[PDB]
Every structure is written in structure tokens, then in C-alpha cells.
Amino acid sequence: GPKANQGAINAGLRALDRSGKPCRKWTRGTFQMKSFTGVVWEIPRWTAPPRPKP
Amino acid sequence: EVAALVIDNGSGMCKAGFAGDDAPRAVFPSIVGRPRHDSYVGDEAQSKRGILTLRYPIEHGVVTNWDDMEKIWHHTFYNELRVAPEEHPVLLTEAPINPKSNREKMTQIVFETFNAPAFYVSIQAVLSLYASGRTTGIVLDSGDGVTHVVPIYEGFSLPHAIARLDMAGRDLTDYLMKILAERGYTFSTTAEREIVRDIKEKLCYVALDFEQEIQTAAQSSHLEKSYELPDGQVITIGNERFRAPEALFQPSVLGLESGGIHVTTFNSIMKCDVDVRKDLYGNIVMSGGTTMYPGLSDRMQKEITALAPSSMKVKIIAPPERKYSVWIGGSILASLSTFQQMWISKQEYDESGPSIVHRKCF
Amino acid sequence: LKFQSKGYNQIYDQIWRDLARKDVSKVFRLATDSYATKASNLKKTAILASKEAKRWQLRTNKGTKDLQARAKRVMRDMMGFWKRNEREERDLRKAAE
Amino acid sequence: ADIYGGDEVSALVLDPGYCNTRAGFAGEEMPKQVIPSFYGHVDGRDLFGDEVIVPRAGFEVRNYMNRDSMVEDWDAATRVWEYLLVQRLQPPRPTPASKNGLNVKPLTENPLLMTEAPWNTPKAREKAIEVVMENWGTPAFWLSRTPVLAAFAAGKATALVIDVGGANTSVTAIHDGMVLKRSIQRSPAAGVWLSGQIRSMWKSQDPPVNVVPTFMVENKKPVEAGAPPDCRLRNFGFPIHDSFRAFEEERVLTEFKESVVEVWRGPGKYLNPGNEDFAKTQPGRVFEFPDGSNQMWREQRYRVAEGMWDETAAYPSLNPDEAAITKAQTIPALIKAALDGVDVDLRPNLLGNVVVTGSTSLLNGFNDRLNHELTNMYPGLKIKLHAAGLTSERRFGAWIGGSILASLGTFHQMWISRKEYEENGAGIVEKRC
Amino acid sequence: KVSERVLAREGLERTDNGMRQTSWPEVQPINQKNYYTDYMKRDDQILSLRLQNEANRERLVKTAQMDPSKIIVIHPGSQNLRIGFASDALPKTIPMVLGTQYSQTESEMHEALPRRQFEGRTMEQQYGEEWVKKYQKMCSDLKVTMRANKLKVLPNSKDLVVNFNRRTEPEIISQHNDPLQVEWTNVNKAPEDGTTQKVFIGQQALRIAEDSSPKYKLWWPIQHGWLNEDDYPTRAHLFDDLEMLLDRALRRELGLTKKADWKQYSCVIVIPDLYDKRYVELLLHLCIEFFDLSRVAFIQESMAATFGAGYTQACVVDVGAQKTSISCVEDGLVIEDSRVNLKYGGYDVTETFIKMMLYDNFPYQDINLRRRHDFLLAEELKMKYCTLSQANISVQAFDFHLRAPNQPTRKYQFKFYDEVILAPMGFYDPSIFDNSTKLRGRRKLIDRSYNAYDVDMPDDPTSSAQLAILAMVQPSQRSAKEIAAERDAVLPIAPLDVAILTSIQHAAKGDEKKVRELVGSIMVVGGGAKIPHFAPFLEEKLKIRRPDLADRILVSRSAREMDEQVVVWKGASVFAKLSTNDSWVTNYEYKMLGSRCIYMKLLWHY
DNA sequence: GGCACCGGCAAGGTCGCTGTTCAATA
DNA sequence: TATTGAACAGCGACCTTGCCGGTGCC
Ligand SMILES: Nc1ncnc2c1ncn2[C@@H]1O[C@H](COP(=O)(O)OP(=O)(O)OP(=O)(O)O)[C@@H](O)[C@H]1O
Ligand SMILES: Nc1ncnc2c1ncn2[C@@H]1O[C@H](COP(=O)(O)OP(=O)(O)OP(=O)(O)O)[C@@H](O)[C@H]1O
Ligand SMILES: Nc1ncnc2c1ncn2[C@@H]1O[C@H](COP(=O)(O)OP(=O)(O)OP(=O)(O)O)[C@@H](O)[C@H]1O
Ligand SMILES: [Mg+2]
Ligand SMILES: [Mg+2]
Ligand SMILES: [Mg+2]
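Protein chains in written order, with the working numbering: chain A, 137 to 190; chain B, 306 to 667; chain C, 173 to 269; chain D, 481 to 913; chain E, 18 to 623.
Put into C-alpha cells, the structure is as follows:
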């Protein structure tokens with residue numbers, strides 16, 4: 137049947153992390169932007185904690 | 306392997322079901338009840354209203370309280386559909402020109418709260434067009450809380466041309482309470498308002514010629530339908546039947562400055578590129594619960610023909626399923642093989658945060 | 173005094189020169205191609221989805237044979253109903269006034 | 481870092497103009513919201529949007545822009561830009577729970593880029609930032625001239641922009657993304673003037689042609705070319721204001737412009753001896769008024785447009801106090817004077833990169849005639865005409881340029897910071913050109 | 018000359034802000050080669066079928082361990098509605114008319130029927146030249162036929178009748194000498210059957226007097242087998258009338274007086290073989306939105322006729338009041354291309370019978386079938402005397418009583434001779450029927466049905482046999498909309514014999530064996546067929562048209578000793594009761610998907 | 001020489017159309 | 001024993017893409 141078909145067509149379905157771990161969590165944080173005259177100002181920006189690897 | 310879930314959430318009734326099916330499994334009021342001095346959703350919240358304050362988390366088509374909205378999705382997956390979202394991709398519908406920030410917040414919630422593996426946000430008017438079987442047209446979409454007119458050409462909606470008539474199915478219920486109070490009844494409390502909503506759905510209709518109707522209503526016996534309340538008392542309603550829907554065509558009748566749905570349609574077509582207009586007149590599509598009154602198709606055919614040039618051919622498309630067209634179109638879209646290339650995967654969300662919805666759900 | 177030194181003129185000018193010659197140029201190509209792609213995706217998708225929406229109404233050989241079978245099922249059931257009601261001698265009417 | 485997502489900077493981009501005002505976010509091919517600059521006024525409150533302009537007792541139609549394409553009504557400007565940038569593009573606050581019938585500063589995250597006409601004066605520029613920094617709590621601000629953004633919307637760093645707007649026709653040379661000041665040339669011979677030509681021409685056919693705007697007809701029946709109209713009119717319990725009828729007639733004039741009027745594109749001016757005589761012999765164009773009244777138009781369809789190319793052709797102004805257009809206000813004179821504002825070595829480069837903009841440039845034949853006139857007045861040079869836009873939809877050119885500008889990474893160093901403003905106040909004349 | 022160290026000390030420094038070169042969206046193309054779709058691929062996914070699987074499974078569980086008294090069977094009609102429970106022997110029959118207060122009666126709004134120019138050049142203009150010549154030729158043909166059939170004819174006959182009729186003059190009796198006492202409806206009296214509005218239906222509507230203190234008008238929502246748009250100001254008013262009539266039939270004939278209880282009942286609705294899809298989708302909506310019945314099911318009149326009979330295969334000729342229809346049924350379907358639908362029936366025989374006698378100086382020249390007592394008189398006279406039996410014809414004398422409202426009863430003697438056979442015989446030359454206004458208003462309020470996705474394509478049924486009969490009246494690149502509009506402009510009319518053979522040839526589709534089975538299987542139904550010797554006469558007319566079939570032709574009236582009016586109803590009741598019928602649209606389906614679920618559920622291609 | 005528009009072509013699977021064979025009914 | 005509901009096998013029509021190529025800009 138078509139949903140079982142291997143190769144390129146179903147590359148999305150086989151990639152699903154069904155019943156997997158929690159995704160990382162996002163918070164509205166703040167980023168510092170600098171003008172060409174050196175002045176600093178703040179924009180709200182999405183942020184999340186890093187993803188380490190030993 | 307399991308199908309994606311399709312969620313069509315609105316100002317009145319939320320609808321939910323499986324991609325591929327031709328109708329939703331769950332249809333329930335978008336009401337959240339809280340104890341005033343635990344929480345409850347849908348018919349359960351209406352059944353025990355005495356110990357609760359009720360709110361709607363969606364107002365004029367747009368989510369306005371997220372803490373309450375998340376209780377509706379929780380109820381939808383675990384109490385209505387009986388499925389765990391972490392097994393399924395999700396399709397959410399979205400109002401025409403709702404704010405950017407809302408797309409980010411609904412994205413945030415279905416990943417971080419419900420762990421769904423992949424998801425997509427979709428413009429309600431475009432889905433309702435797919436469900437009518439065409440690529441190009443203008444959708445008059447009219448729900449409980451808002452009415453929109455949306456031109457779409459080759460499957461792309463035209464944001465600059467969208468015109469929002471901010472009056473809809475609740476206003477026509479309130480207006481019908483008001484004019485029934487003038488006939489000597491009384492319907493002031495919520496327990497009566499839910500009766501008056503049912504009275505629209507059974508008895509109201511759109512006049513073909515309002516002047517002829519409101520003149521001949523003086524003599525007509527046939528017009529005066531009777532209806533039995535829960536208390537067994539019988540009301541009778543007469544010219545109230547068509548005066549209530551007429552407010553779509555004359556928003557002065559319920560006291561606001563706006564064009565009626567025929568004029569807002571016409572104006573929205575006329576804001577489009579000159580070459581496209583001939584195609585839009587040939588493809589006027591009706592969507593949403595408020596478009597369900599008998600006669601509305603005909604009055605829209607007439608009223609837009611009166612505004613358009615004599616050389617145009619004007620066509621109203623109003624398919625029988627139109628109350629759920631927005632959900633049906635989502636079912637179609639989520640059940641094509643190509644949907645797999647469209648959706649945001651949880652792996653993209655992890656990489657990109659909620660802003661990914663601006664890149665992919667274009 | 174601010175915003176009038178020869179250096180301020182130079183930096184402002186240089187920013188806008190690079191911005192116009194390099195960045196505007198690349199982003200215009202990307203914007204136009206991106207739009208073309210987006211419009212194509214939506215055209216394709218609208219075509220598939222609109223076909224599917226109508227597909228249920230198209231007649232088929234298989235659907236026609238199933239429907240002929242349902243009609244024949246009911247027709248034999250009706251004949252069996254008349255076998256039973258004949259073999260048990262169904263009566264009907266009295267018309268006194 | 482790796483703590484941030486796909487998010488960068490969500491600029492708002494705002495483009496006021498005499499006929500229409502445009503707003504939306506950067507990084508999109510079109511503005512989300514476009515409304516008539518003509519606001520409504522009733523019972524002491526202002527009303528916005530083409531869905532709201534409707535017949536009511538005492539309804540008066542007003543515009544916050546003057547025909548210099550500049551703001552002349554900053555109080556109304558404030559309310560119109562609050563309606564766009566706040567009420568239609570931000571999350572709504574919810575109703576109180578008691579009111580719903582069940583129970584018995586705004587812009588702090590979006591910088592604003594705003595569009596000015598190129599002759600907009602220092603005091604008007606100052607008041608634009610003063611309004612913004614007081615009213616909405618915006619983080620940072622930028623103001624830029626329509627010619628620059630039209631050039632960016634065609635992908636050109638150096639260009640000659642011809643910009644045939646509503647209240648004004650403009651020509652300007654853009655080089656390395658900045659306007660060459662000496663080159664700026666401006667003229668009334670534009671979309672609004674062209675409506676005056678059309679009205680004059682209608683009031684001077686053999687039977688006079690009367691325009692009755694869409695709202696005054698309830699119902700109509702089709703009738704033959706040149707026949708008397710067949711319709712029945714609305715009647716109102718109040719006087720319709722002259723201002724309202726004048727705005728609701730403008731839609732009918734816009735249909736005639738977009739679908740009947742044609743620039744004479746042929747060899748030489750329309751009044752040259754053979755051209756006018758030939759034009760009367762051609763197949764015409766059909767048109768209908770909201771009245772149902774129908775007619776075929778032949779030689780007039782050229783003459784209403786021809787006036788902006790040759791002043792000799794123009795009909796008498798229907799307003800008797802309006803000044804008639806001079807030679808120096810015709811499109812060829814503007815172009816010739818504009819280029820004579822610029823160094824001779826730079827002219828071939830500009831002429832190779834002509835960018836056309838504004839809805840009056842969408843007249844049938846306008847690009848043809850502009851190509852011919854440029855050819856005959858600058859022989860021996862390559863002429864090439866570009867539209868401003870990412871799409872066939874060419875109406876929003878100067879907005880689109882802002883949406884591209886506000887999306888470039890190198891641009892964000894430019895915004896005048898809330899802090900940078902509150903320390904200085906008059907920074908915007910200097911830290912912007 | 019420029020330098021970075023000066024700019025650093027001035028506080029000027031060009032900066033990327035850590036941003037990407039551009040934040041314009043970059044879009045990847047979708048790939049569609051060999052795409053597939055899961056939309057409505059399985060019965061599990063289609064709501065109408067999901068619900069049926071659940072219902073079947075529940076009934077199997079109930080077997081491991083529905084009631085006909087809760088099923089209502091409705092069959093609408095241009096004069097009569099049959100309604101009853103599926104439990105029952107027989108339906109109750111009531112006239113499908115609704116009576117209400119109004120400013121003017123039927124009689125006061127229109128010209129008299131049968132149509133006459135009361136001012137004009139003698140009888141020839143008064144009745145119309147062609148009509149009078151038709152009548153003359155038919156009379157001659159009958160005399161020739163009787164003589165050829167070796168039966169007596171008096172050389173003069175009309176002159177014995179006409180001179181009696183025009184000289185008789187009526188007699189008045191009722192104050193003193195005992196008549197049948199008619200009883201006019203007491204319109205002032207309140208309804209007892211559970212409602213406030215003083216509307217009337219059925220026989221109690223027809224017996225409202227022409228003058229009463231509140232003035233009353235009668236409305237018929239069905240005529241000639243279709244929705245009666247000619248008589249109605251607006252669509253909404255017509256839907257409200259059909260709803261009021263059926264509502265009052267449930268309360269007044271079935272006795273289902275409490276509106277709350279109706280949600281327990283289910284409904285079988287019979288429809289014609291060539292339905293208007295707007296009429297089907299109206300009847301579904303009445304039964305589910307207004308009456309809120311639990312389930313609705315449909316069956317075609319000819320399909321149902323065979324279920325009443327217990328026939329596997331038949332040709333069903335259905336002679337109504339105003340419609341006549343023919344189709345062939347085999348293997349559990351009406352054969353889609355066989356369907357024929359002619360716009361005449363037993364009412365036209367009544368009008369024509371009155372009009373023929375009027376021309377022959379019938380005493381009551383003031384008669385006008387829009388007046389209620391006149392209509393009832395004309396129908397009674399029709400049913401008493403109209404006769405296709407050729408042998409019993411003679412000069413005969415009879416009498417009738419005009420019990421007009423609030424006037425002493427007038428008695429008329431009269432004579433007839435051949436009006437009694439020539440008016441019925443109009444089925445074999447329909448040019449004598451007053452077909453002049455049947456087509457008036459036929460798209461006035463309700464449009465032709467179009468496909469829901471492609472609104473320039475008609476979706477009403479079509480049949481080769483019907484188009485063959487249109488071509489027979491009016492010999493017949495444009496759009497399907499324009500072609501349908503041209504066909505709509507011709508009234509379908511043909512001789513009855515020719516219509517049958519035309520139906521059967523398209524049924525067989527060029528196969529003499531299929532013809533030779535169907536032609537031996539003619540089944541006649543419908544009230545218009547109840548005229549004496551109708552079936553033998555129809556057989557004889559086919560035999561003398563097709564010698565190649567003449568020994569095999571067999572025409573049977575009714576089935577299994579039923580009355581010809583009820584066979585269709587009985588059939589629809591058997592379809593209700595039998596176990597295998599999954600054809601029901603449930604209330605929950607129609608609330609969800611409207612008329613879309615009919616296409617999923619019927620036992621034919623809708 | 002890189003990259004692009006436009007075109008004819010070879011090719012992949014899903015889908016409906018055609019057909020054989022089987023277990024089961026009565 | 002004739003007929004049925006169903007699983008299974010086989011084939012062509014169809015839409016869509018990548019490929020090789022002519023012609024062209026830069
Ligand atoms: N048959 C009917 N006739 C008239 N009105 C109806 C009918 N059925 C439903 N409605 C009305 O439709 C409205 C609900 O429409 P819908 O479900 O489309 O609301 P919604 O989608 O939640 O609204 P929105 O999309 O605006 O948020 C209600 O006012 C309801 O009373
Ligand atoms: N399709 C069209 N063809 C020609 N003219 C048009 C068309 N559509 C609109 N117009 C006219 O062109 C003008 C449109 O406004 P436009 O965007 O060109 O100017 P603007 O930028 O709003 O005003 P400003 O003159 O201040 O720049 C109006 O005068 C309008 O009547
Ligand atoms: N005993 C009878 N003998 C002869 N004709 C009769 C008799 N009883 C009724 N009729 C005639 O039969 C006609 C047909 O009645 P029937 O109920 O079959 O028509 P209908 O189904 O109500 O209407 P339609 O024409 O739409 O089918 C009546 O209109 C009447 O003229
Ligand atoms: Mg909705
Ligand atoms: Mg402008
Ligand atoms: Mg009948």
C-alpha cells in the first residue's frame with residue numbers, strides 16, 4: 137500500500153519522533169542590537185537553553 | 306500507520322477529527338468554565354454553570370486567553386477524540402489575518418505542552434476553498450463571532466484585499482432576542498439565549514426582496530411559525546424570521562456602521578488586480594455556519610449582480626457541507642502524500658523555536 | 173558636534189553603497205524566486221486538493237458493480253419477505269362505515 | 481550562543497500616501513493592510529477602512545494628507561496609524577467576563593520604518609518621529625523616501641524613478657541607494673489631475689455624461705449603447721454631504737482609468753496631423769456607469785491622457801480656480817529637467833535602469849509612450865524599463881522596497897534607537913541622509 | 018582619505034548585529050511525482066458508512082444478546098398524500114391542499130377552468146377553432162371504430178342529447194325534501210389537535226365555503242408532479258406551505274399530537290422516477306430540521322411499485338392526477354435510460370370531460386373548476402361515468418346536485434353519449450388536453466439543479482427515452498446549461514402507447530429478447546388508471562402498433578389484489594420493514610453533511 | 001565558460017479497468 | 001448445483017519529474 141512505500145516519497149513519515157522525548161522549551165528573551173553610531177538597544181527575541189554533547 | 310489530527314477551533318464550536326475522514330468526530334462549544342469562589346469545558350461547563358464563571362478563549366475569530374485555550378485542546382485530544390497527540394501530526398486552522406504572535410503561541414503549545422511530532426497551521430478561508438473543489442475564488446466566510454471576505458487566486462490568498470465585517474452569528478442571535486422582546490416575550494438570561502440560538506437555526510431565513518416581505522408580512526398567516534420551549538410554552542414568531550438575517554445585508558438594522566455582506570464582497574473583489582476579477586465573480590464561495598440560512602445563496606447572487614457590470618457572469622458556490630468546509634478542507638490537505646513535505650517537524654521546532662511557523666506555514 | 177564629521181559621512185555612505193549594490197541585489201533575486209516557488213507550491217496543492225474534494229462523485233466500474241449488488245440484495249430480500257408473508261397468509265382490510 | 485531561533489527583527493513598514501495608506505511587516509511580498517487615506521467622520525468620532533465608509537446622516541469624509549502628499553492633520557494621522565499598527569496587527573485584549581452573555585505601550589517589540597514623499601520638509605519629518613516616540617513605545621524608527629524604496633523594489637542600486645502617483649507625478653535619480661537632491665522634479669499631472677480631465681470630458685460630450693456613484697443606485701437593468709438609463713435610486717432621510725459624493729464618485733473614475741483610458745503610444749504626439757484623424761476610425765472601448773448607462777468610447781480615451789505628455793491637448797479644468805498645466809509640468813519636461821540635474825557621465829547608467837512606479841503608470845500604453853519619448857529625446861543610448869515589484873501586482877512598489885530593506889541584516893545598524901532619539905530629539909535630519 | 022582608528026574614536030563602527038545576510042523566507046519546492054491520497058479511501062473514513070458499520074455491528078451484538086410502528090411512510094402527490102405507519106395495512110389518504118385566511122379566494126384571482134372566451138365569434142372562437150375540429154374528428158373516428166367493431170350507432174345522436182340539455186332548467190328542493198346534508202367547515206372553531214393557528218388541510222380544507230366571515234384561500238404545493246412555483250409569490254412561502262401541510266397531516270391523520278415525541282419516529286418518502294433534485298433535498302430538510310425525525314429513506318415510485326407486487330422485473334406505468342410516468346424495473350433498479358414523464362393524468366380527463374359537455378350545452382354553463390363545490394362535482398362526475406369500455410356506450414340520462422354554499426340545492430338532469438369515452442381516450446392523442454399553461458412558471462422561484470462544485474453543469478437526472486419524446490414534439494457549440502434551458506422550454510407530451518414503446522426500446526437497448534420479456538410484464542398503477550377497462554385498452558393499442566410483439570403483450574392492473582392507488586405505498590412499507598435496507602440517512606448524518614450523504618446512501622446513482 | 005529558459009523525451013508508480021480463482025450459500 | 005462476495009493477479013492511462021539538448025545572456 138502507498139504509505140508503506142520506501143524511498144523518497146515517504147521520507148517525512150519515517151522521520152517522525154512518535155511518542156518521543158520532550159522538545160526543548162522556548163521563552164521570550166531579549167537581544168542587544170547595536171547602531172552604526174555605537175548605541176545599544178533591546179529587541180524581544182525567542183530563546184531556549186543549549187544542547188550539549190560530551 | 307496512524308493519520309494526522311485535524312482541529313478547527315472557533316469563536317463558537319470547536320471541531321476535531323482524523324485526517325482523511327469526511328466529517329469531524331467531535332463538535333463542542335468553545336466554552337471554558339472556572340469555579341468563581343478544577344475546570345470544565347463544552348456541554349459539561351454549560352450543565353453546571355451555577356457554580357462557574359464562563360468565558361470564550363476565542364473572540365472575533367482570534368484566540369485572546371491562552372491559558373483557557375490550552376484547556377480546550379486538552380479536552381479535545383483526551384476527552385473527545387480519545388488519542389495521545391504524541392503519536393500523530395496535527396493540523397490547526399487559523400483565522401484570516403490573525404496576528405503573527407498568535408501563530409507563534411499556538412505553535413509553542415502543541416510542541417511544548419502536547420509533544421506532537423509534527424504540525425501545520427492553515428488559513429481557514431483557503432481550506433474552505435479546497436473543500437468546494439476549486440483553486441481560485443472569493444470566500445465569504447461567516448462564523449459565530451466574525452465574518453471575512455477573502456480573495457484567493459491560484460491557491461494564494463491576497464491579504465491586502467481581505468475585508469472583515471465584524472458582525473456574525475452571535476449578533477444575529479442577540480438581535481433576534483431584542484426583536485422578540487418587542488413582541489412581548491422575554492429572553493434576557495443565558496438559559497434563554499441558548500433557546501434563541503436554536504430559534505435562528507430552525508426558523509429564520511433570508512428574504513429575496515425585503516421590501517416585498519416586510520409589506521406582505523402584515524397579511525401572511527404562513528409566515529407565523531410556532532415553537533415549543535423546554536418549559537412546554539409555545540411562542541410564535543412572524544416578520545422576526547427574516548428581520549434577523551436581513552442584518553447581514555443591512556447592519557444599520559442592528560445598529561453599526563458597515564456595508565452588508567454583498568457590498569463587502571464587491572469591494573474586496575474590486576481591490577484585486579483587474580485581470581483576476583473576472584475569475585472571482587465566477588467563483589464566489591460561501592463558508593461557515595452563518596451562511597446556512599435558506600435563501601442566502603439567491604440573495605447574494607441578486608445583490609452582487611446589482612453591483613457588478615452587466616458583462617460579468619456572477620456565480621455563487623454554496624456546497625451542502627459548507628458549515629464544516631474549513632475542517633473538510635483540512636482533512637483533505639492533511640491526507641495527501643505531499644503533506645509530509647509541508648509540516649513543521651519537532652526536529653525543526655527544536656532547531657528554530659516558534660518563529661519557524663513564519664517560514665513554513667506560508 | 174554629532175553626525176557631521178567627514179568619517180560619519182563616509183561610514184553612512186559606505187553602508188548604503190554596499191547595502192544597495194550587494195545585499196539588495198541578492199535579496200531581490202531570492203525574494204522573486206521564493207515568491208515564484210511559493211506560488212507554484214500553492215498552485216500545485218490547490219490542484220491536488222481540489223481534485224480530491226470532487227473525486228468521490230466520479231463514477232467507477234467497481235462502485236457501479238457494488239451498487240448493482242446492493243440493489244440486487246435488497247430485491248431478493250423483498251422476494252423472501254413475500255415468500256414468508258404468502259406462506260403465513262397475510263390479511264389486511266375491513267371497511268365498514 | 482545557539483540560544484536563539486529563526487527569529488531576528490520584526491519591523492513594521494508604514495507608507496502613507498494621498499489616496500492610500502499601506503502597512504504590514506517586513507519580510508513579506510505585500511502589505512497586510514491598505515486603506516483609503518480618506519477617513520470618515522460622524523457624531524465627533526473618526527472611522528477608518530473601506531468597509532466603514534457608508535451613507536449616514538451627516539457623514540463627512542476627510543483626508544489626513546494634503547496634495548503635497550504630506551501630513552496636514554497629525555491628530556487624525558495619529559488615530560489612523562494607531563488603527564493600522566495597533567488595532568489590526570496586534571493581539572486583542574479580551575472582553576471582561578461579565579459582558580459576554582454567558583455569566584448572567586502597544587508596539588514594544590516591532591521597530592517602525594515609515595515612508596515620506598521626497599520633498600517632505602524638515603519640520604514635517606521632525607514631527608513624524610515626535611508622534612512615533614510619544615504615542616506607541618516603539619523601540620526604534622526609520623524614515624525613507626518613496627523613490628529609494630521604489631528602486632529597491634525593482635532590485636536596482638542606481639536608477640531613474642518615474643513615479644506617477646495620485647496627487648503628484650515625481651521623477652528622481654537614485655544613485656547607490658540615495659536620492660540625488662538636484663534631480664527631484666514634481667508635477668500635478670498625475671492620477672488626481674487625470675480624474676479632473678475625465679470629469680471635464682464627460683461634462684463636454686454632445687449629450688452631457690452624468691456620473692451617479694454606486695451607492696445611489698438600488699437596482700438597474702441592462703441597456704443598449706447610448707440609450708437612456710434604466711434604474712431606481714436610493715432615497716435618504718438626510719442630506720448626503722458633497723464630500724461623501726465626491727469620494728464615492730472617485731471609484732467610478734478609477735474604473736474608467738484602469739479599463740478605458742489609454743495613452744497614445746503611436747509615432748509622435750496624438751495631435752500630429754494624421755494621428756487624431758486615424759484614432760477616430762479605430763475599434764473603441766465599452767464602459768458602464770453604476771447607473772446601468774453604457775457607451776462606446778473612441779478618440780476621447782487618448783485625449784484625457786495626452787495632456788500629461790503635451791499640455792496643448794488638455795481639456796479645460798472643471799474647477800475654474802485650478803491652474804492649467806504648463807509645458808514644464810509635462811512628463812517629458814520633468815524627465816529632461818531631472819536628468820539635467822545630474823552629471824553627464826552618469827546619464828547612460830540611469831537611462832539603462834529606468835524604474836516606473838505608482839498606479840497611474842498602469843495606464844494602457846504608458847510604458848510604450850515613455851519608451852518612445854525617452855528614445856526620441858535621448859538618441860544613441862540604450863533604454864530599458866523595469867516595473868517596481870516582485871509580481872505582476874505593481875501597485876505597492878514603494879512599500880515592497882521597505883519590506884526588503886527592513887529584512888536585510890546589514891540594515892538594522894541604521895534605525896534611530898529610542899535611546900538615541902530621547903538623548904537628542906532633532907537627530908532625524910542628520911542621522912538619516 | 019579614510020581610516021578605521023579615527024572612526025573607532027568617533028564611536029562609529031559598521032556592524033552585522035549577528036544577523037543573517039537576509040531574513041527573507043527561503044522556500045523549498047514540493048515534489049509531486051507519483052503522489053497518493055488517503056482521502057475517503059476506506060469505509061471507515063466516510064461518516065455515512067462508518068455509522069452504518071456501527072449500526073450493523075450493534076444489531077449483530079443484539080443478535081448475540083427495527084419496530085415498524087415507529088416508521089411513517091409518506092407518498093406526496095398533486096391531489097393526494099398517502100401517509101400511515103409501516104406497521105399498518107393501508108395508508109390514510111388526504112387531499113394535499115392547505116387552507117388559510119387570505120384577502121381573495123382561488124376563484125377570485127384567476128380566469129375560469131375550463132378556459133373559454135365568453136366574448137368571441139361563436140362556439141368556434143369561444144372554445145378555439147383547432148380544439149373544436151379535434152373534438153369533431155375524434156367523434157367521427159369513434160363512430161367509424163364502433164361500426165368497424167360491428168356495434169350499433171344511431172345515425173343522429175348528439176341532437177337527441179344537446180336539445181334535451183339546453184332546455185331542461187334546474188329544480189330546487191333542499192329546504193323541505195331530504196338531501197345528503199353536506200357540512201361546511203366551521204372555520205371559527207379552535208383546533209383541538211395541539212396547535213393555535215386556524216389552518217385547515219385535506220377534506221376539511223376543501224369544504225370551506227367560498228364566503229365565510231374570515232375569507233379563506235386554498236393552496237396546492239404540488240401540481241403536475243412538481244413543486245407548484247406558478248401559484249406562489251416567493252420560495253420561502255412555498256417551503257412553509259409544504260411544511261405546514263405535512264405537519265398538520267402528522268398531527269391530524271396519524272394522531273402524533275405531541276411535537277416532542279416525533280424524534281422517536283423514522284420516515285420513508287416515495288419520489289417520482291425523474292425527480293428534481295431540489296424537491297428531494299427539500300423533503301429531506303423538512304423531515305430532519307422541522308420534524309426532527311431520526312432517519313429518512315427514499316425510494317422511486319416505479320421501484321416501490323415492484324416491491325408492492327413482488328416482481329423482480331416489470332414495466333411500470335403510473336397514471337396520476339396530473340403526471341403520468343413510465344419506467345422499466347429490473348434487477349433491483351429502475352433502468353436509468355428508460356424513464357419517461359408525461360404531463361397529463363386523470364385531472365386532464367376531468368377538465369376535458371367537462372369542456373366537451375360544455376360545448377355540447379351541459380346545463381350548468383357557469384361551472385368553474387376553481388370554485389370548490391364545482392371541483393368536487395367535476396371529480397365525482399368523472400369517476401362515475403368516464404369509461405374506456407367501448408361496448409356499453411349509448412345515449413344515457415343522469416342527474417347531479419349543486420350543493421353550493423348558503424344557497425338552496427339545485428338539481429340538474431342532463432344527457433351524455435360519447436364525451437364519457439373521448440375524454441379518457443385523450444391519452445392516445447394528448448392535443449385535446451389544455452396543455453397551454455402547464456409550463457408557466459416552471460423555473461419561476463426554484464432554479465434547475467446544478468452540480469455542487471461546477472454550477473454551470475446540470476445535475477438533474479436525464480434519460481434517452483425522455484429526450485426521444487422531447488424530439489417528437491420539437492426537433493432538436495452551446496453549453497449544457499443552454500441545452501437544458503432549451504429542453505425545459507418544451508412540455509413533454511406524447512401518446513401513452515408510443516411513450517411505453519419508447520421507454521421499452523431504450524430499456525432493452527436494441528435487444529429483442531429484453532423487449533419480449535418487458536412487453537409481457539406491463540404493470541399499471543396510480544389513481545388515474547382506475548378508469549374502467551384501462552388495462553385492456555392499453556394492451557390493444559400496443560398490439561395494433563407492434564405486430565412483431567402482439568402475441569406476447571400482456572397488461573396487468575395493480576398487483577396481488579391491492580387497490581391501484583396503494584401499491585406504491587405498500588411497496589415503500591415493505592422497504593421500511595426489510596432487514597437489508599441500509600438506505601437510511603440518519604439525523605446525525607444530515608446535520609453534518611446535508612444532501613451530500615444522499616449520494617453515499619441511496620440504492621441508485623443519485 | 002557558468003548559468004538559465006524553453007522544449008521533447010524516457011521513465012516511475014498509483015490508480016482504475018479487466019480478469020481468474022476461491023469458499024460459501026441454499 | 002448456480003450464484004455470490006471477495007481476494008488476488010495482471011495490465012494500460014495518466015501526471016509529474018529529471019534528463020539531454022538547442023539557443024541564448026553574460
Ligand atoms: N442551520 C443554521 N442556520 C443558521 N445559522 C446556523 C445554522 N447552523 C449553525 N448556525 C450558526 O452558525 C454559527 C456557528 O458557525 P461556526 O461553527 O462556523 O462558528 P465558528 O466557526 O466557531 O465561528 P468563527 O469561525 O467565526 O470563529 C452560530 O451562530 C450558529 O447559531
Ligand atoms: N489600475 C489603475 N490604473 C490607473 N490609475 C489607477 C489605477 N488604480 C488606481 N489608480 C489611481 O492612481 C492613484 C493611486 O494611488 P497611488 O498608490 O498611485 O498614489 P499614492 O502613493 O496613494 O498617493 P501619492 O500620490 O501620495 O504617492 C489614484 O489617483 C487612483 O485613482
Ligand atoms: N375510482 C376512481 N375511478 C377513476 N379515477 C379515479 C378514481 N379515484 C380517483 N381517481 C382519479 O385518480 C386521480 C389520480 O389520483 P392519484 O392519487 O393517483 O394522483 P396523485 O398521485 O395524487 O397525483 P400525481 O398525478 O402527482 O401522481 C385522481 O386525481 C382522480 O382524478
Ligand atoms: Mg469558522
Ligand atoms: Mg505614493
Ligand atoms: Mg401519484
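By construction, the Cβ of each residue, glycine as well, lies at the ideal position given by its N, Cα and C atoms.
Check whether chain D comes within 8 Å of residue i, counting only Cβ atoms and requiring the distance to be less than that.
i	result
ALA400(B)	no
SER171(A)	yes
In this structure, does DSSP put residue i in helix, strand or coil?
i	result
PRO85(E)	helix
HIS663(B)	helix
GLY907(D)	helix
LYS170(A)	strand
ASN543(D)	strand
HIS393(B)	coil
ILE863(D)	coil
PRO602(D)	helix
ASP495(D)	strand
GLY881(D)	helix
Hey, residue i and residue j: beta-carbon distance below 8 Å or not?
i	j	result
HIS567(B)	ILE621(B)	no
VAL572(E)	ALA552(E)	yes
Any C-beta of chain C sitting closer than 8 Å to the C-beta of residue i?
i	result
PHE891(D)	yes
Between the options, which lies nearest to residue i when the distance is taken from Cα to Cα?
i	options	result
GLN198(E)	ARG224(E), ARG183(E), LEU555(E) and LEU177(E)	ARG224(E)
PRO619(D)	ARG605(D), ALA639(D), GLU596(D) and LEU587(D)	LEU587(D)
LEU159(E)	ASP505(E), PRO441(E), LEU619(E) and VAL490(E)	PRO441(E)
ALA589(E)	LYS294(E), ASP105(E) and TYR381(E)	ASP105(E)
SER663(D)	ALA817(D), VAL584(D) and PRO812(D)	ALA817(D)
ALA516(E)	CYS332(E), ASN378(E) and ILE463(E)	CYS332(E)
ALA328(B)	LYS608(E), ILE539(E), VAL585(E) and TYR623(E)	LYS608(E)
Can a CB atom of chain B be found closer than 8 Å to the CB of residue i?
i	result
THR694(D)	yes
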